[PDB]
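Q:
2 protein chains.
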Amino acid sequence: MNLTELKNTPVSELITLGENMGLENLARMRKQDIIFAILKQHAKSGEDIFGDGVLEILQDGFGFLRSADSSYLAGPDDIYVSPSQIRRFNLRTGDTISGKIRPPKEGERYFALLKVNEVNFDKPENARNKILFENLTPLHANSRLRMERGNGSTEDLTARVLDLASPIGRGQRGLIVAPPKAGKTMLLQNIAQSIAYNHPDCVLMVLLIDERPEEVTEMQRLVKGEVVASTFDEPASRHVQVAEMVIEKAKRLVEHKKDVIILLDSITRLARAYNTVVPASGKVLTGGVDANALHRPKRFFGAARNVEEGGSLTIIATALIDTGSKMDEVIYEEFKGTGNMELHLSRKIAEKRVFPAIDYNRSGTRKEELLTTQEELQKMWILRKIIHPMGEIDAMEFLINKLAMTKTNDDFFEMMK
Amino acid sequence: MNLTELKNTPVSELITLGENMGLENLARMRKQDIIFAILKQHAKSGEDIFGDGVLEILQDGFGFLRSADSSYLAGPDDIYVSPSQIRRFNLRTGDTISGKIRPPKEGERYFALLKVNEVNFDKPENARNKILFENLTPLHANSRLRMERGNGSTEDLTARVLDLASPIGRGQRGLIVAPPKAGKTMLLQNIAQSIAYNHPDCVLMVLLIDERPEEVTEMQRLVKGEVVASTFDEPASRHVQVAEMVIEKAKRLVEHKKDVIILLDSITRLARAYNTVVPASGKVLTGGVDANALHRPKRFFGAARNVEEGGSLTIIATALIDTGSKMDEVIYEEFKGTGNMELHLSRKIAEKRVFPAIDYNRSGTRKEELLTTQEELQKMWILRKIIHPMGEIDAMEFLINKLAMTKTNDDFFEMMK
Ligand SMILES: Nc1ncnc2c1ncn2[C@@H]1O[C@H](COP(=O)(O)OP(=O)(O)O)[C@@H](O)[C@H]1O
Ligand SMILES: Nc1ncnc2c1ncn2[C@@H]1O[C@H](COP(=O)(O)OP(=O)(O)O)[C@@H](O)[C@H]1O
Ligand code: BEF
Ligand code: BEF
Ligand SMILES: [Mg+2]
Ligand SMILES: [Mg+2]
């Protein structure tokens with residue numbers, strides 16, 4: 001008796017099971033209400049019920065166990081968590097809790113937690129003694145997260161160009177700067193697919209705030225990982241809540257020496273949401289940005305770091321420029337002094353239908369020698385010195401024509417000499 | 001005895017009928033008052049009266065049935081809908097209701113609804129069980145909505161250029177960016193005529209907010225569809241109300257697997273209206289735009305989506321640029337990074353009296369391979385690569401001179417090779 005197991009079951013089988021259990025007509029009923037009635041009827045027989053979810057401690061002291069399939073939205077099937085148990089096990093926002101639950105009695109509206117069985121997918125004896133995320137020693141990117149497929153596919157050209165322009169390692173904090181209508185969607189899809197193919201052990205999390213739902217359901221059915229999104233039909237409060245829950249879960253996972261990867265596509269939208277939810281202080285800067293509005297996105301971005309004791313946190317955010325709004329322009333670069341990695345995309349190259357439209361000149365990675373060998377770094381330096389004199393479109397055409405001849409970049413580097 | 005039937009009748013016949021029924025002199029009376037008196041006299045004999053309209057639920061709990069011929073304006077002949085029936089049939093704003101009505105008794109001012117016969121042009125048993133619009137899975141444009149006439153007319157050149165620049169499919173969410181005095185009116189008229197000619201099965205709705213009455217009555221007598229407009233003589237409150245009613249009706253139609261097409265021509269004017277009706281919060285951004293003013297137009301624009309279960313919603317809005325106001329430059333923009341189709345028009349080409357004055361270079365459609373075949377996409381790519389080096393005016397002249405030689409674009413593509 002698990003909550004996620006009943007959530008994954010279809011509607012027809014749940015209706016059939018409820019009709020066999022002998023309850024009210026479930027055809028004219030919601031799936032969540034059907035599951036609730038089935039759990040009630042199964043607990044009336046004396047059997048136990050189990051559930052799971054991410055903890056969201058409220059300001060009063062209690063909390064609930066949000067579900068991932070609903071993008072951490074407030075649902076009727078949330079499991080209550082009393083503050084007594086929180087105080088007894090030192091629980092915090094983001095801790096994954098899995099234990100026995102019971103249906104609400106007369107006068108209650110949510111399931112109660114009796115005994116916790118597993119904390120953060122581990123024993124509670126290992127979670128009671130742990131080092132906080134704020135005390136971990138940061139470090140630079142040491143492990144190399146190669147994005148090249150290696151299967152010789154035609155779509156691998158984007159990953160090869162990305163590796164030649166800006167290699168990505170564990171704990172990297174980069175930025176994907178690109179004007180609208182440049183190809184950010186396809187680039188993010190390719191990055192997510194390459195991460196899921198090359199490094200399936202890492203925890204991939206794609207955050208899409210204030211996006212077109214069709215794109216949400218497309219990304220959810222395309223990438224092999226977790227997708228937490230919030231369409232534009234929701235207020236900025238839900239955006240802030242989802243961002244907080246995601247970053248808290250990422251911190252709790254990193255605290256257990258896990259490799260978390262967050263592919264953010266709405267850093268600008270997140271900053272707009274934070275500027276909308278912040279109370280007015282009577283002081284407005286140039287472009288309509290509050291003085292204390294960028295602090296929360298600043299911390300959300302700076303949360304990414306590489307841990308020496310174990311694990312890492314990678315955050316790749318895509319910033320929006322040339323959107324016609326001065327607020328986004330002020331945000332983007334305020335954040336430019338940030339992202340230890342900038343991958344610029346050119347609109348002029350995208351208009352020529354030359355995919356990918358990557359600005360190789362302004363791209364780059366700091367401390368790239370820690371992720372590449374000596375000969376590889378020398379070859380990349382020679383390639384950059386050869387590409388720099390040529391124009392952007394000409395350099396992109398040259399790179400595409402030279403990478404189409406071979407499958408691996410090593411052969412291209414060997415033929416360049 | 002139908003309301004719309006009496007509304008379509010002329011004034012002279014209604015006056016004659018009222019004089020034959022033996023009532024007060026109807027020559028010095030309004031047509032609506034004449035219809036009201038005729039309905040009263042016909043109901044005094046014991047016969048039944050029927051009406052219809054779009055439901056507009058008020059904040060208190062009751063509602064009225066607005067009429068389409070009055071642009072959903074508050075009229076004396078609105079049918080009152082009690083909240084009891086709303087609670088009994090789960091009615092919402094936008095549901096088309098058609099049932100028996102009765103004249104108001106002593107102390108009443110509006111017609112009452114006794115029994116509902118048809119809901120959303122369908123049986124109530126099919127409307128009681130339905131999936132909300134917020135739960136439908138979005139998708140990209142799959143079905144091709146070809147705009148080419150095919151009759152070899154001289155006006156078909158605009159549709160041919162539009163198809164070669166940006167093909168339109170079901171569920172598309174585009175933008176027509178053009179400075180003033182460019183030819184937006186003729187272009188919108190041609191688009192509406194091509195939609196009514198090629199795809200007469202789709203529900204066409206043209207929304208004109210804050211425009212001149214002459215243009216309104218011109219569009220109403222030119223296109224073959226529904227025209228809901230609101231001239232500048234009305235406050236922004238009526239603009240917001242009309243936009244809400246139109247989008248709610250569109251959502252209710254899409255919920256019944258219908259293909260709705262909305263040709264918006266005032267996205268900038270709608271954003272200005274929303275910025276005017278929003279209460280001041282003491283925080284003004286660059287250009288005079290409120291922080292929470294663009295949220296409602298953002299949702300109105302993002303409502304457009306393609307449904308996998310059935311139906312679609314297409315919204316083609318025309319944004320205004322270079323109007324001398326910085327608010328529109330932020331308002332029209334901020335919207336640039338939202339849609340997935342931009343059809344730019346050049347003022348320099350319009351000054352040369354070269355119609356249509358379309359910027360073929362900056363135009364385009366994302367995921368265009370889902371609406372065109374392989375050979376068609378290759379021919380469009382070759383045409384774009386040939387047109388790109390030439391200047392805007394030169395490319396437009398070349399395209400016009402090459403399309404004037406033949407009737408179909410297939411012959412032009414075959415002759416280009
Ligand atoms: N690698 C690519 N190959 C082919 N087309 C692409 C590629 N990247 C982008 N595009 C085209 O650009 C359009 C928009 O790209 P997108 O990633 O949505 O840009 P952004 O996210 O910056 O708005 C897509 O619909 C696609 O047709
Ligand atoms: N396809 C066309 N053919 C001929 N003239 C046009 C065409 N499109 C626009 N025009 C001219 O431009 C004028 C204004 O066009 P309009 O569509 O009103 O531009 P906008 O809507 O951008 O203000 C029209 O009065 C018309 O004379
Ligand atoms: F319009 Be893109 F997604 F920035
Ligand atoms: F003056 Be146009 F209608 F933008
Ligand atoms: Mg995008
Ligand atoms: Mg116009």
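Just so you know, the sequences run in chain order c and d.
Position 400 of the first sequence, counted from 1, bears residue number 400 in the authors' numbering, the numbering being contiguous throughout.
Position 91 of the second sequence, counted from 1, bears residue number 91 in the authors' numbering, the numbering being contiguous throughout.
Idealized CB from N, CA, C, for every residue including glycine.
1. Quick check on DSSP: helix, strand or coil for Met147(c)?
2. Could you tell me which of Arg170(d), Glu218(d), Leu164(d) and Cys202(d) sits nearest to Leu188(d), measuring between CA atoms?
3. Using the C-alpha atoms, what's the distance from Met380(d) back to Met415(d)?
4. Are the CB atoms of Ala250(d) and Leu270(d) within a distance shorter than 8 Å?
5. Taking just the CA atoms, how far does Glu234(c) sit from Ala395(d)?
6. Leaving out five residues on either side along the sequence, give the residues of the same chain with a beta carbon under 6 Å from the beta carbon of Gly310(c).
7. So the alpha helix (DSSP H) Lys44(c) belongs to, where does it begin and stop?
8. Sort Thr16(c), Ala280(c), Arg384(c) and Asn126(c) by Cα distance to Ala37(c) and report the nearest one.
9. Cβ atoms of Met205(d) and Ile261(d): under 8 Å apart, would you say?
10. Which residue spans inside the stretch 73-143 of chain c form an unbroken beta strand (DSSP E) run of at least 3?
11. Can you grab the Cα-Cα spacing for the pair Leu285(d) / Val284(c), in whole Å?
12. Cβ of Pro180(c) versus every heavy atom of ligand 3: is any distance shorter than 7 Å?
13. Let me confirm a value: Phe121(c) is counted as buried when at least 16 other C-beta atoms fall within 10 Å, else exposed. Which label applies?
14. Just list the residues that DSSP pairs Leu6(c) with in beta bridges.
15. Against chain d, which members of the stretch 312-342 of chain c pass a CB distance test of less than 7 Å?
16. Given 7 Å as the limit, tell me if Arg366(d) has its C-beta closer than that to any heavy atom belonging to ligand 1.
17. Does the CB of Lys249(d) have a neighbour CB from chain c at under 8 Å?
18. For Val54(c), which three-state DSSP category applies?
19. Quick check: the Cα distance between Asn20(c) and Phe89(d), rounded to an integer number of angstroms?
20. Determine whether the Cβ of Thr137(d) lies closer than 8 Å to any Cβ atom of chain c.
21. Within the 8 Å Cβ cut-off, does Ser281(d) reach chain c?
22. In this structure, how does DSSP classify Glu215(c) when only helix, strand and coil are distinguished?
23. Residues around ligand 6, please: the condition is that the C-beta lies closer than 6 Å to some non-hydrogen atom of it.
24. Using a Cβ-Cβ cut-off of 8 Å, state whether residue 445(d) counts as contacting chain c.
25. Taking only beta-carbon positions, decide if residue 418(c) is within less than 8 Å of chain d.
26. Could you spell out where the alpha helix (DSSP H) holding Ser12(d) opens and where it closes?
27. For ligand 4, is there a heavy atom less than 7 Å away from the beta-carbon of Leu320(d)?
28. Mind checking if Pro297(c) is an interface residue toward chain d, Cβ cutoff 8 Å exclusive?
29. For ligand 3, I want to know if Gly337(d) counts as a neighbour, meaning its beta carbon is within less than 7 Å of at least one of the ligand's heavy atoms.
30. According to DSSP, simplified to helix, strand and coil, what is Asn306(c)?
31. Do you know offhand how far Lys100(d)'s Cα is from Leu23(d)'s?
32. Residues of chain d with a CB under 8 Å from the CB of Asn275(c): which are they?
33. When every heavy atom of ligand 2 is checked, does at least one fall within less than 7 Å of the C-beta of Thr373(c)?
34. Pull up the distance between the alpha-carbon of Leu403(c) and that of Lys123(c), whole angstroms please.
35. Less than 8 Å between CB atoms is the rule here; does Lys352(c) satisfy it with respect to chain d?
36. Suppose the cutoff is 6 Å on Cβ atoms and the five residues either side in sequence are ignored; what does the same chain contact list for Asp328(d) look like?
A: Once the coordinates are examined:
1. coil
2. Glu218(d)
3. 13 Å
4. no
5. 44 Å
6. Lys257
7. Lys31 to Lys44
8. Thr16(c)
9. yes
10. 96-102 and 112-119
11. 8 Å
12. yes
13. exposed
14. Answer by DSSP bridge pairing: none, since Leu6(c) is not bridged.
15. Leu320, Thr323, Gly324, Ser325, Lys326 and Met327
16. yes
17. no
18. strand
19. 29 Å
20. yes
21. yes
22. helix
23. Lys184(d) and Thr185(d)
24. Summary: the structure shown does not reach residue 445(d), with chain d confined to residues 1 through 417, and so no result is reported for it.
25. Coverage of chain c is limited to positions 1 through 417, which leaves residue 418(c) absent and any answer about it impossible.
26. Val11 to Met21
27. yes
28. no
29. yes
30. strand
31. 24 Å
32. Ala291
33. no
34. 49 Å
35. yes
36. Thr268 and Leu320
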